[PDB]
Structures are given as structure tokens and as C-alpha cells.
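The next block holds one structure in the form of C-alpha cells; read it before the comments.
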Amino acid sequence: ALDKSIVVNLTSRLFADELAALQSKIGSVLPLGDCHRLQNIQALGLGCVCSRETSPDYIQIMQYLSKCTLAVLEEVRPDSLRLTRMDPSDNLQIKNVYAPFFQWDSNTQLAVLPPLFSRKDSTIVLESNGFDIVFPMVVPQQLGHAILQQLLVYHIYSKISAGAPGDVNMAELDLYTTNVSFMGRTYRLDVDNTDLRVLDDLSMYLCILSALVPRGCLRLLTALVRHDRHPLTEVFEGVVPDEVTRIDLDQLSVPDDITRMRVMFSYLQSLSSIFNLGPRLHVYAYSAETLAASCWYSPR
Amino acid sequence: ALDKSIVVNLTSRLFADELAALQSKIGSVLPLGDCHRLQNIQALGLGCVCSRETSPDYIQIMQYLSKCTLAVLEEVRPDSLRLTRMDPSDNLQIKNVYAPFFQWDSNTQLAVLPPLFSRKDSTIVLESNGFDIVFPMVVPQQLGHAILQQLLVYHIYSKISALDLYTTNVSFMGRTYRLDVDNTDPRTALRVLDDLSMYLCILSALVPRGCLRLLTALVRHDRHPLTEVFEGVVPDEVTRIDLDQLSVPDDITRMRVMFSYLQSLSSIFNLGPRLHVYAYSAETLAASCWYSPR
Amino acid sequence: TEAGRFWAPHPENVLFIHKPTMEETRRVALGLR
Amino acid sequence: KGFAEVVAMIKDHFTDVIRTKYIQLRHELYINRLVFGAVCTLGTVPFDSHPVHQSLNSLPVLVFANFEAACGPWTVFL
Amino acid sequence: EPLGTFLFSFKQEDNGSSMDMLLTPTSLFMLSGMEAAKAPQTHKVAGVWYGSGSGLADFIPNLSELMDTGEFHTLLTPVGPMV
């Protein structure tokens, strides 16, 4: 009964060269900042948040994707693009054109992640309007929870080698991070170490936890002595390192410690949700020769 | 298709006093117990768990709030209250009359919280029927977290006392607020803290050594806007752990487990059912949103 | 009564030594010996 | 009960299983061993439908009328 | 089967053209190998649908190592009931 169609108009006609790149990916999943059918160009990519002049972000993109509505290309006509609307729990079809090429199989869980690789793999620059559309990095969830991790480790040891040369070996660092094993197969990713400014914010947060967490959990153990202590917490005293238990908490004052504990939790819920919950969808059928995967979208 | 309507029988004619407050809040969200058309007034209030003589425990009240269905008022007739229903996933009009006022816009996100600032303002008592009605508070998700962040910190530092400016004040851009703590039952707010001692000391065992060495290179000279927590001095503990040499495939096994336990901290910092607002009108104070499932 | 539930924090058996009855049985046994 | 309660409720069911395992790691602490369990969401059931007991071959088997499925992620509880 | 059981799609690597591996919860009780007293009913029933536990262990040789590092909950995608 309900009708859904998203038709984006433009001001100027497209070039003949840029039409072949949009015909290259006739099936894709774009993000889209509005739910209405008629819309301007400035929302349908990631150019609304991420740009060249602005500093590249991870988290403000990941805040954006869960808030944003997804859409799928059907037909590219100059100049009026034709997207199709994504509904909560709706069955539709996806062709998988994303650079670099990761292999999709059926009964995997698709996790939409922001692009953190090079530019020419991710985006297609529209010279007619002067605006950049950016296609997101669609990666299966177990890769997407692992392709981020080895790069985020790689960004830390890049910050150590730039501050001190003797602590990090490059051959130890390259061989263990840029090679990703999944489904029995391997993938050698593009490092782009030519100058990873995307993951600098996550490299700040996880480290600030790593100093404050063992400072945090000592005070939270000793403050909770009861006759009604939960009995599993008696076991986890053996898990904490012995060096952690030897903090003199007299050194930090009470006005310092309230600032720490509010800093302690406030990073935790802001960091947990940006690993956990984004626009994430399922696929029940796949064919390698047609490159078409029937999908269905589950919000939240 | 589907209908949604709850009309509430009531055994006494309401006074003109209490009807003026109910006419003031014609667009409001209150939870209620059962799923029927006809309903007694003893389920409409949130005060079946939060009464006056009972000491309220706002974690258990918030724990209560995810169970119940939520409902929006349509009319206040002088005998029968009339409400409409919220089911996942359905688009519906919502209108904020909520008294500690915040400003929304299109493409914002919400949550439903128990009243944590002024109970006497956000609850009206019905002297005609003898049963009182308690209204929850709708909050955008950033302050939806940030009030629960302060209340978990507060029960930590009331037990050590066995002063108030650091423990009872929820911070936000432009405003500061006062939490309502005079009588709080800590026992349901401490079991959440009992699980926090479980997760946080496990995360202190699998700490990445390179990400500790990053702060020893950072906070001594390289000062950044968001590292002002340490005030320029390293903690004494961080110098002790970094005596080992760095190696990559140690941290690869560690950082995946660091990743996997931060998946668990969703379950302890949960809000109620969330509300993803797509269109909000400004001068009318109406909105439009789809109710999320729990 | 399960193998995985062996080291329960509150198991069903509780020691209860009645110290008055234990001293009287020591002292008679130290009288004969 | 909603997702915020049952994660605390599943910990009370598996209390003994947490305790009998973690006696071992006072001696050997392997970070690979610390992962314990996971919880998925198999989809909703409507309220007040009676699960009806059956018998097969014996084997007693419950049944849920009006079941609908909605798969979710695996989140690591401990 | 009683035509309404719950399922799981275990996945390791596409080795064949189209061969798939499905796990009923009676079958996953056999790959587990726990004691009889944890589930005193299904152990008799799941012992007669299959062998002693090596008929299914031949397909996954890593069942010792998939339990140590803890990757087994990442390889199951819940499917639903039979039709």
C-alpha cells in the first residue's frame, strides 16, 4: 500500500566520465539525511560531515550513521538520481561494489562502517556540482569487528615509533597488522602510511581508559564491603594484577577523585556504543557470478 | 489494520483543581501496566513502584520502566482519562510539555527517564481518589546517559561517608542541575555497582602495554585539549606496568578482548526504550517518532 | 548435585560444632587415658 | 524483563559455573581463556501464549504458537 | 525431526560449491560433551540420533582449539525454526 521512492535532483548536468563510475555501482547502500522523496545533493554521501578541509573523524561519523537513514540505488539517470528507501525489516536486493573487494557469503551479518581507507577507493567526486559523495565501507560484522582492531593497534605503534625509534620494529609491526585472516582466506589491506588520521580519537580514548581503569577499580572494590556483597566479586580479586592493588589513594584528593570517576564512566558509555550499535543488516542468499545479495535491514 | 486506544474508567468526578494540571499536560508519556481498553487508575501512575512513604530507588524505578508499555494522552474528560498507545514500530505524534525544559530539533534521539530533578513538580496527587500519578521524564540521549552517570557515582561516594557540589550536580553545556536525593534505597543501585566491580577489574588485567606507553609519551609535554584530566602529571601506577618490552602479537590478543568486553558495557548502562525522532516542529512543540522495541 | 556446580558459594552442608558437647567428651577421654 | 535486567539475571544462574572455572586461573592466567559466554536474541514471542508440553520418542518437547524470529548479535557477557 | 526445532548455521570456510552445515540443539549437545547430569533427558535421545560423538567431530577438527581462544560464538548465526 505504502509507496517509497527517493528522487534526488541536481542543478547541473553530469559529465560523460562520471556517469560510468555511478553505473559501475548500480547497487549500493547510501546514507541519506532526510526521509522525504525530493532532496538536494548535500546529504546523500558523507560529505555533510566528513570533508577534506575539515579534520577526518571516526566517531562523529559513527554517531551519524546510526542516526541516518539508508537508501539503495536503482537507476542512474542524468541528472536525477533514483534511490530506493530502506524500511525497518524490509527485503530488498544489493549488489556489492566496494573497494577493496571483500568476499560476501550468505548467512553473514552486514555491518555498515565508515570508510577509513584511501580516497579513490571510497568516493566518487562529482565535478559538476563540486560536491563529494562518499560510499560507506560495508564489511561483514566479524571482519568489521576485526578490521578495525588491527589497524587501531597499528595506529598506536605508529605514535610510539614517531616519539622513540627503539621500541617498535617495523617488520614486526607490518607483518602482524596489515595481514588479516578470515574465513580461512587472507586480505592484505592498504596501509596508507605514505605520510591514519581517522582513528586518532579512538587511540586517545582507549589509552585514557588504560591508565584510569586500574586507578578506578581499586577504589570501587574497597568502597563496596558489605554483608550483602555479590559473591562473584570475591573471585575477581584474583584476576586484578598485584601491582594494581598497591596504589596509595591518599595521593589524589577527594575533589580530584570525583573528577576522575565521572571521567571514568563518561568515556565508557560513549566508547561502548560506537563499537556496538550501528545500522546493521542480514543477508540470506548470495551468488558469486551475479554478485547480488538479498538482504533485510534491522534497525538498532 | 491496527487500533490503539486506552480509555480509563474512574470512580469519582475529578475536581476543577486537578483537572487544570491535567489539561496543562495534554501531550505526555506515562507508562501503564496492562494492555486493555478499560483500565483502573491504579496502573496509570508510575507510583506503584515510587510512592511517598516508600523510599524510592531510581535504578529500580528505571528498571521498572523498560518492562511496561508506554502511552500518550489524547483527552482529559472530567470523568474518564483517554489515552493512545505506543507499539514497536509505529510512527506517532509526541509533544513535550516537560517542565525542566530542553530544546529538540529534527533528527534527534530520545529516551524515557524517571523524574530525577523535582518530584513535587513532576507528580500530581489526586485527593479525590486517594491515588497519586507519577510522570516520567523524556530526555535526549546525551543527557539521558549523563544523569545516570552521576547517580552511579553518587552511590559510590555516599557509602564511603559511612561534599554535595561534586556528587549531586549533572553537568551540561550552559546549565547545571540538582539531582533529587533525600531518600534513596541504594540496594538496587549497588547491584549495578556490584557488576561494575566485575567488569572494571577484568579490564585492568588485560591492559595493552603500548597504549600505556602512549600516555607516557603524550601527557608529559605534548598537551592536548581532552587530556587535561591528568593535569600534566603521570599517575604513579602507569610507570610500574611499562617495564616490559613491547611486542605486537601480545596486544592483538589483548585488544580483541578489550573490544569484546566493551560490548558488555551496553548491558549495564542501558536506558529505557529509545525514541529516534525524524521530524520535530519548533513553534508547535509537536514531533514525530517511531517507538523502539526493548 | 552437579559437577559444574561443585564449588557453590553457599553449599547445602554447614558445619555446626557444639563446643559445650565437644569439651565434655575430650575431658572424659583425657580421664581414662 | 528487558535487556538491562536479564544480563544481571543470567549471571545469577551461572554463578557456580563462573566460580568453578576461575579457581583454575590463580595458577595460569591466559587472556584467551577469559572469554566466558555470549547471549543472542532469538526473536519475540507474544504475551500469554501457553507453552504446551508434548511427548516424543521418551522426550518432552515444548511448543510456542505464534513465534516470530528476529536474530540479533552475539554479545559477550561475564 | 519434530519439524519445529531451532537451528544454527555453522560456518568455517567455503570449501565446496554448495554444501552447508546445520546444527540442531540436540546435535550441539553431542559436540559439547558435557556431563549427563546437566541435561538428564536429552542425553539418551541425542545419543540415539547419532554415534558416540565422533560422527560429527570429523567435520570440525578444531573443536579443541575453537574452545580455548573462544571463537565458537562468533561462528554461529541463529536461523530460526524449520518449515
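Each chain in the C-alpha cells gets a letter, A, B and so on, in the order shown; residues start at 1 in every chain, and ligands are counted from 1 in the order they appear.
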Residues of chain E within 10 Å of chain C, only C-alpha atoms counted, as a count of residues only: 5
task: May I ask you to extract the residues of chain B within 6 Å of chain D, using only C-alpha atoms, and to give them as a VMD selection string?
output: chain B and resid 67 264 267 270 294
query: Please, which residues of chain A lie no more than 6 Å from chain B when the count uses only C-alpha atoms, and can they be set out as a list in words?
result: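 So the contacting residues turn out to be residues 207, 213, 214, 217, 223, 240, 241, 272 and 276 of chain A.
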message: Using only C-alpha atoms, can you tell me which of E:65, E:58, E:46, E:79 comes closest to residue E:33?
response: E:46
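The shell of residues at most 12 Å from residue E:11, with only C-alpha atoms counted and near chain neighbours (fewer than 6 positions) removed, consists of residues 105, 106, 107, 108, 182, 183 and 184 of chain A; 19, 20, 21, 22, 23, 59, 60, 71, 72, 73, 74, 75, 76, 77 and 78 of chain E.
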Generate a file of the selected residues that holds C-alpha atoms, formatted as a short mmCIF file (atom, residue, chain, number, x, y, z; two decimals), in the first residue's frame.
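This went into result37.cif:
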```
data_model
loop_
_atom_site.label_atom_id
_atom_site.label_comp_id
_atom_site.auth_asym_id
_atom_site.auth_seq_id
_atom_site.Cartn_x
_atom_site.Cartn_y
_atom_site.Cartn_z
CA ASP A 105 28.81 -15.17 1.80
CA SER A 106 25.20 -15.90 2.69
CA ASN A 107 24.05 -16.03 6.33
CA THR A 108 26.56 -13.38 7.39
CA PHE A 182 39.19 -14.51 8.00
CA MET A 183 37.08 -17.44 6.71
CA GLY A 184 40.34 -19.30 6.02
CA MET E 19 27.46 -27.69 0.99
CA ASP E 20 26.14 -26.34 4.28
CA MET E 21 26.35 -27.40 7.92
CA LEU E 22 23.35 -27.17 10.24
CA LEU E 23 23.17 -27.79 13.98
CA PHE E 59 33.93 -32.30 10.09
CA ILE E 60 35.33 -29.71 12.51
CA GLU E 71 35.74 -18.14 18.65
CA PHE E 72 32.78 -20.54 18.64
CA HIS E 73 30.13 -17.95 19.49
CA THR E 74 31.35 -15.85 16.55
CA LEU E 75 30.74 -18.66 14.04
CA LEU E 76 27.07 -19.35 14.83
CA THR E 77 24.36 -17.37 13.05
CA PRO E 78 20.93 -18.18 14.51
#
```
- request: Extract, using only C-alpha atoms, all DNA, RNA and protein residues at most 9 Å from residue C:9, discarding same-chain residues fewer than 4 positions from it, and format them as number ranges by chain.
  value: A: 231-232; D: 15-16, 19
Could you list, as a PDB file with C-alpha atoms, in the first residue's frame, the residues of chain A having an atom within 12 Å of chain E when counting only C-alpha atoms?
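Generated file (iface-v6.pdb):
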```pdb
ATOM      1  CA  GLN A 103      34.011 -11.579  -0.286  1.00  0.00           C
ATOM      2  CA  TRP A 104      30.392 -11.871   0.852  1.00  0.00           C
ATOM      3  CA  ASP A 105      28.811 -15.169   1.800  1.00  0.00           C
ATOM      4  CA  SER A 106      25.199 -15.898   2.687  1.00  0.00           C
ATOM      5  CA  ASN A 107      24.045 -16.032   6.327  1.00  0.00           C
ATOM      6  CA  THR A 108      26.555 -13.382   7.394  1.00  0.00           C
ATOM      7  CA  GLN A 109      25.631 -10.179   9.204  1.00  0.00           C
ATOM      8  CA  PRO A 140      30.759  -8.334   7.413  1.00  0.00           C
ATOM      9  CA  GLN A 141      30.437  -7.933  11.162  1.00  0.00           C
ATOM     10  CA  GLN A 142      33.152 -10.333  12.299  1.00  0.00           C
ATOM     11  CA  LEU A 143      35.593  -8.705   9.890  1.00  0.00           C
ATOM     12  CA  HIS A 145      34.950  -6.037  14.469  1.00  0.00           C
ATOM     13  CA  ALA A 146      38.451  -7.207  13.457  1.00  0.00           C
ATOM     14  CA  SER A 181      42.906 -13.708   8.210  1.00  0.00           C
ATOM     15  CA  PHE A 182      39.189 -14.512   7.997  1.00  0.00           C
ATOM     16  CA  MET A 183      37.078 -17.437   6.706  1.00  0.00           C
ATOM     17  CA  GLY A 184      40.338 -19.296   6.015  1.00  0.00           C
ATOM     18  CA  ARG A 185      41.293 -16.599   3.498  1.00  0.00           C
ATOM     19  CA  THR A 186      43.697 -13.683   3.807  1.00  0.00           C
ATOM     20  CA  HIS A 282      21.322  -9.504   7.397  1.00  0.00           C
ATOM     21  CA  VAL A 283      21.739 -11.430   4.135  1.00  0.00           C
ATOM     22  CA  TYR A 284      20.123 -14.813   3.465  1.00  0.00           C
ATOM     23  CA  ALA A 285      21.197 -15.514  -0.131  1.00  0.00           C
ATOM     24  CA  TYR A 286      24.289 -14.881  -2.235  1.00  0.00           C
ATOM     25  CA  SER A 287      25.555 -15.711  -5.718  1.00  0.00           C
ATOM     26  CA  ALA A 288      29.148 -15.062  -6.755  1.00  0.00           C
TER      27      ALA A 288
END
```
task: Could you check how far atom CA of residue B:92 sits from atom CA of residue A:48, in Å to one decimal?
output: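 Distance between the two atoms: 28.2 Å.
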- request: Would you mind listing what lies within 6 Å of stretch 80-82 of chain E as JSON, numbers by chain, with only C-alpha atoms counted and same-chain residues fewer than 3 positions away left out?
  value: {"E": [3, 4, 5, 6, 7]}
field: Nearest to chain E, chosen from D:47, D:14, D:22, D:36, with only C-alpha atoms counted in the distances
entry: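 Looking at the shortest contact to chain E, the residue is D:36.
Among the candidate residues A:114, A:84, A:89, A:99, the one lying nearest to residue A:45 is A:114, with distances computed using only C-alpha atoms.
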message: Can you pull out every residue from stretch 46-128 of chain A that DSSP, working from the backbone, puts in helix (DSSP H, G or I), and format the result as a PyMOL selection string?
response: chain A and resi 59-67+119-122
Atomic distance atom CA of residue D:49 - atom CA of residue D:65, expressed in Å with one decimal: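 Going from atom CA of residue D:49 over to atom CA of residue D:65 covers 6.9 Å.
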message: Please compute the atom CA of residue E:55-atom CA of residue E:27 distance, one decimal, in Å.
response: 10.7 Å
Kindly provide the residues of chain A that approach chain D to within 8 Å, each paired with its closest atom pair and their distance in Å to one decimal, based on only C-alpha atoms, listed by chain and increasing number, as a Markdown table.
```
| residue | atom | partner | partner_atom | distance |
| --- | --- | --- | --- | --- |
| A:232 | CA | D:15 | CA | 7.0 |
| A:235 | CA | D:19 | CA | 7.0 |
| A:238 | CA | D:26 | CA | 6.3 |
| A:239 | CA | D:26 | CA | 7.7 |
```
- prompt: From the set E:54, E:69, E:26, E:62, which residue has the shortest atom-to-atom contact distance to chain B, counting only C-alpha atoms?
  reply: E:69
query: Please, which residues of stretch 68-241 of chain A, numbered as in this document, come out strand (DSSP E) from DSSP, as a ChimeraX atom specification?
result: /A:69-76,81-85,91-95,109-113,123-126,131-134,137-140,179-182,185-188
Could you produce a table of the residues of chain C lying within 12 Å of chain A, with the nearest pair of atoms per residue and their separation in Å rounded to one decimal, using only C-alpha atoms, ordered by chain and increasing residue number, as a tab-separated table?
```
residue	atom	partner	partner_atom	distance
C:7	CA	A:235	CA	11.7
C:8	CA	A:231	CA	9.9
C:9	CA	A:231	CA	7.0
C:10	CA	A:231	CA	9.4
```
